[PDB]
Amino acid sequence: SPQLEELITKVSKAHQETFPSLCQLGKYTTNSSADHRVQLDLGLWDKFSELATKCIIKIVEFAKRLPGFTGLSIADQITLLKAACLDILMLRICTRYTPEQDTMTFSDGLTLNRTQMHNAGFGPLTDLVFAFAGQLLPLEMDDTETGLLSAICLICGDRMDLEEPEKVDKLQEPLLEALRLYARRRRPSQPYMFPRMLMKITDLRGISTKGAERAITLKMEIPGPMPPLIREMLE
């Protein structure tokens, strides 16, 4: 129980220090391709892809602050990150959804409307991502819960080509315990919150699978290769 309490705050702090809250950010806008959907606005793609690269690095930084992660083999660390990074990217942007404005906000404050998200590369996946974001709102998750959920998504023993899946399973166990404890303590009158959060991982996997599919078609729309850390994620 003291050890579990420390795990909660280690993960929470790792999340917050690699992922500013919507409240913390100085929002700004762009007038690029703001009012009609097009196949791709390359200026929006360039900026979005640069921001995704930076957030990938931040997810690696987050991962390495999770207790036990750096005790996994370097191969397993890489395997886990490649399997989960798109999921965590999508969860991250969807936690920065402002429903009143139908916008999402990136880590530098860039705030895009739905049409600009489409035009930045989401394309035919845009409305499904926004729907996921919409359906996260009734959970009213806080940063600690988002951080713990992200950690549970990453540290999972089912990933293909893991060398030591039992070791990964044992690292996941206390994260599950921590999220249940935290979530029930915070909102004891809503006991379905923990299982609803866990089921969002499945939903997330669905949309990340579609995101990988979208990456294949986007690759045909852009004039060069995707940034190298994005290619690492997608392989």
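Numbering starts at 1 and follows the sequence shown.
Between the stretches 156-164 and 128-136, it is 156-164 that shows the larger average CA temperature factor.
The PDB entry reports B-factors from which the mean C-alpha value can be compared for 24-32 and 59-67; the larger average falls on 24-32. Listed residues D102, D87, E145, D76 were ranked by CA B-factor as deposited; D102 comes out on top. Annotation for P174: CA B-factor lies in the lowest third of the chain's modelled residues.
Residue-level temperature factors show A52 in the lowest third of its chain, judged at the C-alpha atom.
In the deposited entry, the Cα temperature factor of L72 sits in the top third of values across the chain's modelled residues.
When the modelled residues of the chain are ordered by their C-alpha B factor, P188 lands in the middle third. Among the modelled residues of its chain, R180 has a C-alpha B-factor that falls in the lowest third according to the deposited record.
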